[PDB]
Amino acid sequence: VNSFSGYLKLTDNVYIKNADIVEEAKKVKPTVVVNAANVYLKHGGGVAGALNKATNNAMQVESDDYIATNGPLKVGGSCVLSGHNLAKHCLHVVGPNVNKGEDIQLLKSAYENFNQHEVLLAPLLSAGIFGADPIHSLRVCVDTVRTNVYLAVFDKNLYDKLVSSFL
Ligand SMILES: Nc1nc2c(Cl)cccc2s1
C-alpha cells in the first residue's frame, strides 16, 4: 500500500491523475519525483521551472554545482539529486525535445531510467513544451516502465483525452 490517492489505474503498474505535480509532491512527499529536465539542468520553465520555483531555487543551485562537476546529461539520460522540500530524491530525466529536433526513439531510453526506482511520481516525458505527442508518451511509458509510476497531468482537457484514448 502507498499514499497516492485519486489515481485511475491504467495497467498493473501505471496510474494517472489530473493533478498539479508541484502540489502532488508537496502532499505525498514521494521517495522519487521525476523532473522533465534538459541536459544543462536549466530549470527555466515547464515542469522543471515549476518544481524549481517550489524549491525557492535550491534545485537550480544544486543542479549548477552538478553540471560544473560532471558536465551535461545525455538526451535519454538522468541523474539523481535531492528532492528538497518536494520528495526524498528528484530523478532528473531528459526526454527528447522535439522543438530542438531530437530523436523521438530516445523517449524509450528516457523512460528506462524509471526502472531503477520501485515507485515514482512523474510527468509524461517529452510532453508540454518538449513538443512530443502526450498520447505517444503515455504509450511508451506503459510499454517501457515496469516499476510503479504515478503520472500527473496538469491539463484537465489532456488528462481526459489520455484516458479516453488509452488502449
Ligand atoms: N505547477 C505546475 N506547473 C506545471 C507546468 Cl509549467 C507544466 C506541467 C505541469 C505543471 S504543474
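Notes on the structure in this doc start here. (Residues numbered from 1 in each chain as written, not as in the entry; some residues may be left out. Heavy atoms only, no water. Residues with missing side-chain atoms left out of burial classes, pairs and counts.)

## Quick look at the pattern of salt bridges
Just so we agree on the cut-off: Each salt bridge in this description consists of a side-chain nitrogen of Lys or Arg and a carboxyl oxygen of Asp or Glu lying within 4 Å of one another. Think of it in three bands: residues with accessible area under 20% of the maximum for their type are buried, residues over 50% are exposed, and the middle band is partly exposed, with areas taken using a 1.4 Å probe on protein chains only. Going along the chain from the N terminus, every DSSP run of H or I of four or more residues is numbered as a helix, and every run of E of two or more is numbered as a strand.
Under the definition given, this model contains four salt bridges. Between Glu 24 and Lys 17 there is a salt bridge, and its shortest N-O distance comes to 2.9 Å. Look at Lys 17 and you get buried, because its relative accessible area is 18%. Residue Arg 139 pairs with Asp 143 through a salt bridge whose shortest N-O separation is 3.0 Å. Residue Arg 139 and its partner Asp 143 are located together in helix α5 (residues 134–144), separated by four residues, close to a single helical turn. The class of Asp 143 is partly exposed, set by a relative accessible area of 47%.

## What to know about the pairing of strand β5 (residues 89–93)
We apply this condition: Strand pairing requires that DSSP identify at least two bridges connecting the strands.
In terms of burial, β5 is largely enclosed, as four of its five residues are buried. In terms of strand pairing, strand β3 (residues 32–36) meets β5 through five bridges, oriented parallel. Among the inter-strand pairings, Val 33 is bridged to a residue of β5, identified as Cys 90. Bridge analysis of strand β4 (residues 78–82) against β5 gives five bridges, and the strand direction is antiparallel. Across the sheet, the residue bridging to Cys 79 is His 92, located in β5.

## What to know about the packing of aromatic side chains
Note the threshold: Only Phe, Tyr and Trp rings are paired, with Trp represented by its six-membered ring, and only when their centres lie within 6.5 Å; those with planes under 30 degrees apart are stacked, over 60 edge-to-face, the remainder tilted.
Following the criterion strictly, the structure yields five aromatic pairs and no others. Pairing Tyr 7 with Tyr 150 gives two aromatic rings, centres 5.1 Å apart and planes at 90 degrees, and the pair type is edge-to-face. Of this pair, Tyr 7 sits in the segment before β1 (8–9) while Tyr 150 sits in strand β7 (residues 148–152), placing them 143 residues apart in sequence. Of the two residues examined, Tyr 7 and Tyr 150, each falls in the buried class. Look at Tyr 15 and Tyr 150: their rings are 4.8 Å apart centre to centre, the planes differ by 10 degrees, and that puts the pair in the stacked class. Here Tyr 15, found in strand β2 (residues 14–17), pairs with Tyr 150, found in strand β7; they are 135 residues apart in sequence, far enough to count as distant. One exposure class covers both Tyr 15 and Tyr 150, and it is buried.

## Here we look at the site of the ligand
Keep this limit in mind: We call a residue near a given molecule or strand whenever any one of its heavy atoms falls within 4 Å of it. Polar contact criterion, stated in full: a pair of N or O atoms within 3.5 Å, where within protein one must be able to donate a hydrogen and the other to accept it, and residues adjacent in sequence count only if both atoms are side-chain atoms. Per-residue and other accessible areas were derived by the Shrake-Rupley procedure at a 1.4 Å probe size, with only the shown protein chains allowed to occlude residues. For this scheme, ten residues count as nonpolar: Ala, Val, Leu, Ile, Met, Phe, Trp, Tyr, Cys and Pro. Four count as charged, namely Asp, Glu, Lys and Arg, and the remainder, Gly too, count as polar.
Taken together, the neighbourhood of the ligand is formed by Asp 20, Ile 21, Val 22, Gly 46, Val 47, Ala 50 and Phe 154. Residue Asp 20 places a side-chain N or O atom 2.9 Å away from a nitrogen atom belonging to the ligand. Against a free-state accessible area of 310 Å², the protein chains account for coverage of 68% of the ligand. Counting residues per element, the ones that place at least two in the shell around the ligand are α1 (21–28) and α2 (46–54). Among the residues forming the shell around the ligand, the class breakdown is five nonpolar, one polar and one charged.

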